[PDB]
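Structure record follows, encoded as structure tokens.
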Amino acid sequence: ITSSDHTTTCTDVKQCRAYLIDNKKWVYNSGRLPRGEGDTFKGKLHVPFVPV
Amino acid sequence: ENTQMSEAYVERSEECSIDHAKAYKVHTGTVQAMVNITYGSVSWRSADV
Ligand SMILES: *[C@@H]1O[C@H](CO)[C@@H](O)[C@H](O)[C@H]1NC(C)=O
């Protein structure tokens with residue numbers, strides 16, 4: 208995990224995978240997103256239009 | 099060599115608070131009625147009995 212520009216040994220982009228870690232904002236635990244590591248639960252979001 | 103772990107479980111929907119069916123077991127209970135009675139010169143009176 209690098210916090211600053213890093214030059215790797217590899218010469219070809221296809222040989223590396225870069226994953227952005229930016230947790231300033233949270234996301235709904237959508238079934239279409241890969242789960243993070245550890246206790247990723249950060250808070251609750253109310254449902255606005257509840258059945259009545 | 100990659101692996102996807104899929105998880106799913108069932109929970110009550112939001113509608114369940116307002117749109118649900120109550121299953122009751124019924125046993126012999128009591129019988130009540132409201133009776134309206136008048137006699138002689140006494141006006142109509144009623145009560146639950
Ligand atoms: C009892 O009968 C009289 C008949 O005029 C009626 O006015 C009165 O409302 C009745 N009682 C009830 C509880 O309905």
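As you go down the protein sequences, you meet chains K and J in turn.
Each residue of the first sequence is one higher than the last, beginning at 208 in PDB author numbering.
Each residue of the second sequence is one higher than the last, beginning at 99 in PDB author numbering.
Every residue, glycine too, gets a C-beta built ideally from N, C-alpha and C.
Where the beta strand (DSSP E) through residue i begins and ends
| i | result |
| --- | --- |
| residue 135/J | 132-137 |
| residue 144/J | 140-146 |
is_contact[residue i, chain K] using C-beta, thresh 7 Å
| i | result |
| --- | --- |
| residue 116/J | yes |
| residue 112/J | yes |
Residue i versus the options, residue with shortest Cα-Cα distance
| i | options | result |
| --- | --- | --- |
| residue 211/K | 218/K, 219/K, 225/K, 233/K | 225/K |
| residue 231/K | 219/K, 222/K, 217/K, 249/K | 249/K |
| residue 180/K | 117/J, 105/J, 125/J | Any property of residue 180/K remains undetermined from this structure, which presents chain K solely from 208 to 259. |
| residue 129/J | 140/J, 147/J, 139/J | 147/J |
| residue 237/K | 106/J, 125/J, 100/J | 106/J |
| residue 110/J | 102/J, 103/J, 119/J | 119/J |
| residue 132/J | 144/J, 139/J, 122/J | 144/J |
Residue-chain proximity (residue i, chain J), Cβ-Cβ < 7 Å
| i | result |
| --- | --- |
| residue 234/K | no |
| residue 220/K | no |
| residue 255/K | no |
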